[PDB]
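A.B. asks: In PDB author numbering, the protein residues as written are 1 to 173.
I have a structure I would like to understand better, so I am pasting it below and will then ask my questions one at a time.
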Amino acid sequence: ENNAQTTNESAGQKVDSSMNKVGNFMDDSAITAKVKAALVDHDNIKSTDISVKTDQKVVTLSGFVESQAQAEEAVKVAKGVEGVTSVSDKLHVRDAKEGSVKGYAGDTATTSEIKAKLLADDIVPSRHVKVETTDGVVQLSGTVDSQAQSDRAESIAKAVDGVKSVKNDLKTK
Numbered sequence: 001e002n003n004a005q006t007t008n009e010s011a012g013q014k015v016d017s018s019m020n021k022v023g024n025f026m027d028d029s030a031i032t033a034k035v036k037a038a039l040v041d042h043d044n045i046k047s048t049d050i051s052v053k054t055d056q057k058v059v060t061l062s063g064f065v066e067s068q069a070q071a072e073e074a075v076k077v078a079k080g081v082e083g084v085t086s087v088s089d090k091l092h093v094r095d096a097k098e099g100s101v102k103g104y105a106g107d108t109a110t111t112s113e114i115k116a117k118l119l120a121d122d123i124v125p126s127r128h129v130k131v132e133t134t135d136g137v138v139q140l141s142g143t144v145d146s147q148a149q150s151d152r153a154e155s156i157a158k159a160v161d162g163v164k165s166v167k168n169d170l171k172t173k
């Protein structure tokens, strides 16, 4: 028929504003600006659960870390920025950590490690020679190319803590 069109308004979200510091407070707050950068810079520190805040030239670190080291590094990087006078650690570990681990009662442990040494040797053919321990008695059975490789095998077998005696049964070619 005829022209109708539509009526639509316009909005200016991005306008210019060339202003500066005429009378605003930006001193301690300006210190946190670099601190949050030092926290995110370190992969070892999850700044996601860390709240940084500067109060009277003192940067307070509070939140939840994975381990102690995570927090220890946080306070270091925070104090690494220029402007901060002191850092207050208020971070808390949320995960569990131990200190003294232990194994179990089993002579097989000697065999487990004795093998790791024999195969790591430059002459002891642990690939063809097997070792087993009984009551702390390390026994080596198999075949070697020469006595040089035989002797070495036993040399380490008796060197492993927990062994009471060694029994070289590996034959030579």
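Cβ atoms here follow ideal geometry from the backbone N, Cα and C, with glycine treated the same way.
When the Cβ atoms of the stretch 69-80 are set against those of the stretch 41-56, are three or more pairs found closer than 8 angstroms?
C.D. replies: Counting Cβ pairs under 8 angstroms, three or more are found: they touch.
A.B. asks: Kindly indicate which residue of 130, 128, 123, 164 has the alpha-carbon position closest to the one of residue 147.
C.D. replies: In the sequence shown, residue 147 corresponds to position 147, counting from 1. With distances taken between Cα atoms, residue 147 lies closest to 123.
A.B. asks: Are the stretch 150-161 and the stretch 111-118 touching by the rule of at least three beta carbon pairs closer than 8 angstroms?
C.D. replies: The stretch 150-161, when compared against the stretch 111-118, does touch it at the 8 angstroms Cβ threshold.
A.B. asks: Compute the Euclidean distance between the alpha carbons of residue 67 and residue 59, then round it to the nearest angstrom.
C.D. replies: To locate residue 67, count along the sequence shown from 1; it is residue 67. To locate residue 59, count along the sequence shown from 1; it is residue 59. About 20 angstroms.
A.B. asks: Counting pairs of beta carbons, one from the stretch 81-99 and one from the stretch 47-57, are three or more of them closer than 8 angstroms?
C.D. replies: Yes, the stretch 81-99 touches the stretch 47-57.
A.B. asks: Given that a residue counts as buried once 16 or more other Cβ atoms are within 10 Å of its Cβ, and exposed if not, what is residue 77?
C.D. replies: In the sequence shown, residue 77 corresponds to position 77, counting from 1. Answer is buried; the Cβ neighbour count reaches 16.
A.B. asks: Okay, do the stretch 127-141 and the stretch 155-165 touch, 3+ Cβ pairs below 8 angstroms being the bar?
C.D. replies: Output reads yes: the stretch 155-165 touches the stretch 127-141.
A.B. asks: Can you tell me where the beta strand (DSSP E) with residue 132 in it begins and where it stops?
C.D. replies: Counted from its first residue, the sequence shown places residue 132 at position 132. Per DSSP, residue 132 belongs to the beta strand (DSSP E) from 130-134.
A.B. asks: Are residue 144 and residue 172 touching if we call contact CB-CB under 8 angstroms?
C.D. replies: For the purposes of this step, residue 144 is identified with residue 144 of the sequence shown, where counting begins at 1. For the purposes of this step, residue 172 is identified with residue 172 of the sequence shown, where counting begins at 1. Yes, these two residues count as a Cβ contact at 8 angstroms.
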